[PDB]
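Some notes on the structure that comes next.
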Amino acid sequence: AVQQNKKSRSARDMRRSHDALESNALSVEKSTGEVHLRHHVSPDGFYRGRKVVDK
Amino acid sequence: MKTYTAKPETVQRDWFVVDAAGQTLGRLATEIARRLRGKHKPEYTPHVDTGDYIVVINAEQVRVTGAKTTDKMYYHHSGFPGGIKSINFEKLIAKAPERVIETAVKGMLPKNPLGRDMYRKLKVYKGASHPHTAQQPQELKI
Amino acid sequence: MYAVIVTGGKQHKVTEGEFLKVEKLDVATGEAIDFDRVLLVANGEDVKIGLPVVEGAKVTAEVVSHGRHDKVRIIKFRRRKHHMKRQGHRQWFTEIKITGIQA
Amino acid sequence: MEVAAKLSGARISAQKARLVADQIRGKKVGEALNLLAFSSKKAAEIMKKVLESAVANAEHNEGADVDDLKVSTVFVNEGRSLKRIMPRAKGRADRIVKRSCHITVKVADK
Amino acid sequence: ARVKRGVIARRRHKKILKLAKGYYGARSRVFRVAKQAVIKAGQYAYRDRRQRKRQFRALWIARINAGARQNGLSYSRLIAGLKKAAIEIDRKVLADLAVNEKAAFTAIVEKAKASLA
RNA sequence: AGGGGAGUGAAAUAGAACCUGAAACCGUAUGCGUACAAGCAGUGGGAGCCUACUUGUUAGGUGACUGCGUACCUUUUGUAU
RNA sequence: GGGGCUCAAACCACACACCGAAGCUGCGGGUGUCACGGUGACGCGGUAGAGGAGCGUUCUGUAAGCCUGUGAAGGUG
Ligand SMILES: [Mg+2]
Ligand SMILES: [Mg+2]
Ligand SMILES: [Mg+2]
Ligand SMILES: [Mg+2]
Ligand SMILES: [Mg+2]
Ligand SMILES: [Mg+2]
Ligand SMILES: [Mg+2]
Ligand SMILES: [Mg+2]
Ligand SMILES: [Mg+2]
Ligand SMILES: [Mg+2]
Ligand SMILES: [Mg+2]
Ligand SMILES: [Mg+2]
Ligand SMILES: [Mg+2]
Ligand SMILES: [Mg+2]
Ligand SMILES: [Mg+2]
Ligand SMILES: [Mg+2]
Ligand SMILES: [Mg+2]
Ligand SMILES: [Mg+2]
Ligand SMILES: [Mg+2]
Ligand SMILES: [Mg+2]
Ligand SMILES: [Mg+2]
Ligand SMILES: [Mg+2]
Ligand SMILES: [Mg+2]
Ligand SMILES: [Mg+2]
Ligand SMILES: [Mg+2]
Ligand SMILES: [Mg+2]
Ligand SMILES: [Mg+2]
Ligand SMILES: [Mg+2]
Ligand SMILES: [Mg+2]
Ligand SMILES: [Mg+2]
Ligand SMILES: [Mg+2]
Ligand SMILES: [Mg+2]
Ligand SMILES: [Mg+2]
Ligand SMILES: [Mg+2]
Ligand SMILES: [Mg+2]
Ligand SMILES: [Mg+2]
Ligand SMILES: [Mg+2]
Ligand SMILES: [Mg+2]
Ligand SMILES: [Mg+2]
Ligand SMILES: [Mg+2]
């Protein structure tokens with residue numbers, strides 16, 4: 001099955017009105033001042049005020 | 001020198017009250033639809049609402065002639081197969097008295113966005129009083 | 001203080017000191033013209049309805065300019081019959097200024 | 001001010017890249033870098049270097065401050081595309097278009 | 001003498017696409033659709049110069065009816081009484097007095113009514 | 001890779017995929033319209049808003065609301081078909 | 001066609017009025033034929049098809065001319 005008519009410029013842009021992206025929840029580790037993902041270990045290696053992996 | 005045209009921000013609307021107390025249904029509805037549209041004013045233009053506000057008080061006492069009290073039917077379809085439904089004039093008067101007058105007036109108005117704005121200015125009640133005392137309607141015969 | 005006059009096959013409601021465009025007249029620019037085919041004269045609240053025309057009334061005007069209206073385009077098309085025709089048109093007019101209305 | 005930085009022929013489709021472009025439009029460069037650093041999209045990694053290059057151009061060539069800048073203009077234009085051949089069933093041949101795009105980011109301190 | 005079509009053909013498509021300004025979708029930006037749209041627009045314009053004269057007379061008559069019934073007369077009797085007396089004023093001017101010069105309209109209806117028509 | 005300056009040049013939006021660089025097609029910005037409304041998407045009438053300036057019988061941009069209105073070619077006795 | 005219509009907004013007679021087309025008239029323009037020496041009168045829907053008159057493009061002569069870096073052709077308003 002295929003279209004009998006080609007879609008218009010407006011018609012295919014209304015379908016894409018739901019394609020936007022959402023942002024993530026970011027937090028600032030107050031001990032260091034570093035931005036990280038919420039509930040995740042920072043790229044440095046801190047979580048909730050403690051060293052976990054130390055690179 | 002161009003023809004005058006009425007502007008929606010300048011029209012003067014007035015309130016009237018009509019009593020259906022032994023009135024022929026269709027002959028009462030032709031005067032109501034005339035007032036709702038603005039045909040009685042020299043400022044009438046086809047594309048703006050220049051009508052008046054009509055209140056009907058004794059809806060359930062409207063009258064028909066001949067044998068239409070039992071033989072007049074109202075049909076509507078629900079959208080489902082076999083969904084045709086009918087009711088006659090007696091049962092509708094007892095159930096929803098105002099729907100009789102609204103249905104007759106609605107069919108005498110244009111079927112477009114402007115014609116739905118004229119319908120919004122018609123108030124029909126089944127008692128002897130209305131809640132629009134603040135607007136001060138005045139009597140209108142027939 | 002207005003009047004109704006007939007000129008060019010049409011009727012115009014006319015006030016004093018007014019500019020209006022009318023069908024072309026064979027009068028030189030800047031020349032005075034008058035209309036004795038006056039149908040109605042109303043001075044304030046006093047109206048003189050003209051049986052045929054109002055007796056004695058006249059409206060004095062002077063010619064301002066001559067010109068042509070904007071071009072309108074005529075097209076005559078008969079679908080799937082192999083026929084088409086085009087045309088242009090600009091209508092002549094004379095602009096007059098209404099100097100005085102004498103009832 | 002309104003200093004710019006362009007990346008020509010980035011190997012990604014313009015429609016894919018425009019989803020990240022309008023996530024940072026009008027934001028401060030401080031919080032626009034945090035969004036791009038923690039995004040899961042490939043276009044965010046590409047567009048992050050164009051945004052930092054614009055900031056560096058601002059500090060060096062115009063003597064600006066990163067704390068004062070904001071993303072004033074961003075858009076994605078189409079580039080030239082490579083054309084390839086994809087074999088299908090029963091001897092049929094398809095043509096593959098590998099699209100690219102131009103990314104322009106502008107930062108302004110006003 | 002080989003003749004190339006490039007300059008003349010482009011200058012002819014741009015004339016049509018300039019008249020299709022403001023149309024929707026392909027009707028304003030591709031020549032095949034826009035050419036049909038411009039012809040149909042001209043067809044409507046020729047027809048609607050006839051209909052403009054009809055639509056305005058139907059509006060003057062409706063307003064004269066509304067203003068005559070306020071003075072106690074119907075439109076069809078007012079026109080019969082204006083012909084009977086002498087008055088030969090346009091419907092366009094009559095509908096103008098109905099809205100603006102309401103006192104002058106009453107004197108005309110009263111004059112027509114004195115002709116018993 | 002690609003850019004931002006600086007330099008050469010009469011001219012780099014003449015920078016090597018380099019004279020000019022149109023159309024389809026894809027974007028960013030501004031103005032107006034659009035979430036109770038039914039159909040070849042225009043045309044006749046028409047308010048409101050925005051811009052410019054000659055400050056409203058003006059010019060330009062939008063077109064709420066409303067009358068009318070079933071593409072083009074070919075082939076046919078005959079096509080919205 | 002719908003709303004709705006019952007001493008009708010139905011039917012049968014008679015009467016007067018009005019609406020109603022690109023029909024006719026009014027005003028302003030353009031054209032074909034004929035007659036007279038610019039005026040008159042009488043036309044101007046149209047497929048296949050016949051007849052008449054023109055626009056624009058490239059090249060040759062006019063031109064060893066004329067225009068043009070104080071800006072050509074081309075592109076865009
Ligand atoms: Mg389809
Ligand atoms: Mg098909
Ligand atoms: Mg849809
Ligand atoms: Mg999608
Ligand atoms: Mg209708
Ligand atoms: Mg094989
Ligand atoms: Mg494809
Ligand atoms: Mg438009
Ligand atoms: Mg365009
Ligand atoms: Mg230099
Ligand atoms: Mg250039
Ligand atoms: Mg160049
Ligand atoms: Mg190129
Ligand atoms: Mg060269
Ligand atoms: Mg080039
Ligand atoms: Mg282009
Ligand atoms: Mg878009
Ligand atoms: Mg926008
Ligand atoms: Mg509703
Ligand atoms: Mg709406
Ligand atoms: Mg729809
Ligand atoms: Mg409908
Ligand atoms: Mg208009
Ligand atoms: Mg305007
Ligand atoms: Mg419209
Ligand atoms: Mg419309
Ligand atoms: Mg229609
Ligand atoms: Mg066949
Ligand atoms: Mg057949
Ligand atoms: Mg078809
Ligand atoms: Mg047909
Ligand atoms: Mg078909
Ligand atoms: Mg008549
Ligand atoms: Mg007519
Ligand atoms: Mg005729
Ligand atoms: Mg004539
Ligand atoms: Mg002919
Ligand atoms: Mg004829
Ligand atoms: Mg120049
Ligand atoms: Mg040449």
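Chain letters run A, B, ... following the sequence lines, proteins first and then strands; every chain starts at 1. Heavy-atom basis, side chains included; hydrogens, waters and symmetry copies ignored.
Between the NZ atom of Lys21(E) and the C1' atom of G63(F) there is a distance of 18 Å, rounded to whole Å. We find that CG of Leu17(E) is positioned 10 Å from P of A23(F), with the value rounded to whole Å. Atom NE2 in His82(C) sits roughly 14 Å away from atom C1' in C72(F) (whole-Å rounding).
Among the atoms of the strands shown, only primed sugar atoms or phosphate atoms (P, OP1, OP2) are found under 4.0 Å from some heavy atom of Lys14(E). Within the nucleic acid shown, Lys6(D) comes within 4.0 Å of sugar-phosphate atoms alone, with no base atom in reach, counting heavy atoms only. As judged by a 4.0 angstrom heavy-atom cut-off over every strand, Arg57(E) is placed among residues touching the sugar-phosphate backbone only. Counting any heavy atom pair closer than 4.0 Å across all strands shown, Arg91(E) reaches sugar-phosphate atoms only and no base atom. Residue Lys76(C) is classed as having no contact, given no heavy-atom separation below 4.0 Å to the nucleic acid. Using a 4.0 Å heavy-atom cutoff across all strands shown, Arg99(D) reaches no nucleic acid atom at all. Within the 4.0 angstrom heavy-atom criterion, only backbone atoms of the sugar-phosphate kind lie near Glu78(D); the bases stay farther away. Residue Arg116(B) is classed as a base contact, given a heavy-atom separation below 4.0 Å to a base. At a threshold of 4.0 angstrom between heavy atoms, the contacts of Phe93(C) with the nucleic acid are absent. As judged by a 4.0 angstrom heavy-atom cut-off over every strand, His89(C) is placed among the base-contacting residues. Within the nucleic acid shown, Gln15(D) has no heavy atom closer than 4.0 Å to any nucleic acid atom. If you check every strand for non-hydrogen atoms under 4.0 Å, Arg29(E) touches sugar and phosphate atoms only. Within the nucleic acid shown, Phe31(E) has no heavy atom closer than 4.0 Å to any nucleic acid atom. Among the atoms of the strands shown, only primed sugar atoms or phosphate atoms (P, OP1, OP2) are found under 4.0 Å from some heavy atom of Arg12(A).
Here, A12(F) and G31(F) have their P atoms 34 Å apart, quoted to the whole Å. Across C40(F) and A71(F), the matching P atoms stand 10 Å from one another, rounded to whole Å. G63(F) and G48(F) have their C1' atoms separated by 10 Å, with the value rounded to a whole Å. Atom name P, nucleotides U39(G) and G23(G): the rounded distance is 27 Å, in whole Å. Separating the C1' atom of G54(G) from that of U76(G) is a span of 31 Å, rounded to the nearest Å. The gap from the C1' atom of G74(G) to that of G21(F) amounts to 10 Å, rounded to the nearest Å. Going from the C1' atom of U43(F) to that of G69(F) covers 8 Å, rounded to whole Å.
Under the 5.5 Å centre and 30° plane thresholds, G56(G) stacks on its strand neighbour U57(G). Neighbours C25(F) and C26(F) stack on each other, since their six-membered rings have centres under 5.5 Å apart and planes tilted under 30°. For the consecutive nucleotides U76(F) and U77(F), the six-membered rings of the bases fall outside the stacking limits of 5.5 Å between centres and 30° between planes.
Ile87(B) has its side chain out of reach of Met73(B): every pair of non-hydrogen atoms, C-beta onward, lies at least 4.5 Å apart. In this structure, the side chains of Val100(B) and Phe89(B) come closer than 4.5 Å at one or more pairs of heavy atoms.
Out of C26(F), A80(F), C40(F), the shortest distance to the side chain of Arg9(A) is found at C26(F). Distance from the side chain of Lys81(C) is smallest to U76(F) among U76(F), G2(F), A47(F). Between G75(G), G67(F), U43(F), one nucleotide has an atom nearer to the side chain of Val7(E) than all others, and that is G75(G). Considering only the side chain of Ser76(E), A17(G) comes nearest among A17(G), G46(F), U81(F). Among the nucleotides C27(G), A38(F), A47(F), the one closest to the side chain of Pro113(B) is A38(F). For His60(D), the side-chain atoms get nearest to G4(F) when compared with the rest of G45(F), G4(F), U66(F). Comparing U28(F), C73(F), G74(G) by their nearest atom to the side chain of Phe75(D) picks out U28(F). In this structure, the nucleotide among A22(G), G2(F), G26(G) sitting nearest to the side chain of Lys10(C) is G26(G). Checked against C26(F), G42(F), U66(F), the side chain of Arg18(D) finds its nearest nucleotide in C26(F).
Residues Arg29(E) and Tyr23(E) bring no donor and acceptor atom of their side chains to less than 3.5 Å of each other. Side chain to side chain, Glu102(B) and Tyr119(B) meet the donor-acceptor criterion of an N or O pair below 3.5 Å. Using modelled atom types and a 3.5 Å distance limit, the side chains of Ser72(D) and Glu2(D) yield a donor-acceptor pair. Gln87(C) and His89(C) share no side-chain donor-acceptor pair at under 3.5 Å.
In this structure, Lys53(E) is not positioned above the aromatic face of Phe56(E) in the sense of NZ or CZ being under 6.0 Å from the six-membered ring centre and within 45° of the axis.
With a cut-off of 3.5 Å on both pairing distances, the Watson-Crick or G-U wobble partner of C53(F) is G56(F). Nucleotide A16(F) is matched to nothing when pairs are restricted to Watson-Crick or G-U wobble geometry with both distances under 3.5 angstrom. Under the Watson-Crick or G-U wobble criterion, with both distances below 3.5 Å, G39(F) has no partner in any strand shown. Base pairing of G27(F) is not made with any nucleotide, judged by Watson-Crick or G-U wobble geometry with both donor-acceptor distances under 3.5 Å.
Listed by first residue number, the stems of RNA chain G with at least three Watson-Crick or G-U pairs below 3.5 Å are G:30-36 with G:38-44.
Between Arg37(C) and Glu88(E) there is a salt bridge, since a side-chain N of the basic residue sits under 4.0 Å from a carboxylate O of the acidic one. Look at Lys21(C) and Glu95(C) and you find a salt bridge, because one of the NZ, NE, NH1 or NH2 atoms lies within 4.0 Å of a carboxylate O, short of that distance. Ionic pairing of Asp71(B) and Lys68(B) is not present here: no N-O contact between side-chain nitrogen and carboxylate oxygen is shorter than 4.0 angstrom. Using a cutoff of 4.0 Å between basic side-chain nitrogens and carboxylate oxygens, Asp96(E) and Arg63(E) are not scored as salt-bridged. Using a 4.0 Å cut-off between charged nitrogen and carboxylate oxygen, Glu23(C) and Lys10(C) count as a salt-bridge pair.
Within 6.0 Å of CD in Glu59(D) there are more than 12 heavy atoms belonging to other residues, nucleotides or ligands. Within a 6.0 Å radius of CZ in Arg78(C), no more than 12 heavy atoms belonging to other residues, nucleotides or ligands are found.
In terms of position along RNA chain G, the nucleotide closest to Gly8(C) lies nearer the 5' end than the nucleotide closest to the other residue of the pair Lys4(E) and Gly8(C). Nucleotides of RNA chain G nearest to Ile79(E) and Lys24(C) differ in position, and the one nearer the 5' end is that of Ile79(E).
Taking 3.5 Å as the limit, the base of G46(G) and the side chain of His83(C) contain no donor-acceptor pair of atoms between them. With hydrogens and angles left out, the side chain of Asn57(D) and the base of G3(F) share a donor-acceptor pair within 3.5 Å. Contact of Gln51(E) with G44(F) (side chain to base): no donor-acceptor pair of N or O atoms is detected under 3.5 Å. A donor N or O paired with an acceptor N or O is found under 3.5 Å between the base of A17(F) and the side-chain atoms of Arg80(D). No N or O donor and acceptor, one from the side chain of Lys18(E) and one from the base of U76(G), sit under 3.5 Å apart.
A positive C1'-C2'-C3'-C4' dihedral is found for the sugar of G52(G), placing it in the north range.
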- line: In 5'-to-3' order, the base (B), backbone-only (S) or no-contact (-) status of each nucleotide in nucleotides 2-12 of chain G, using a 4.0 angstrom heavy-atom cut-off, is BBSSB-SB---

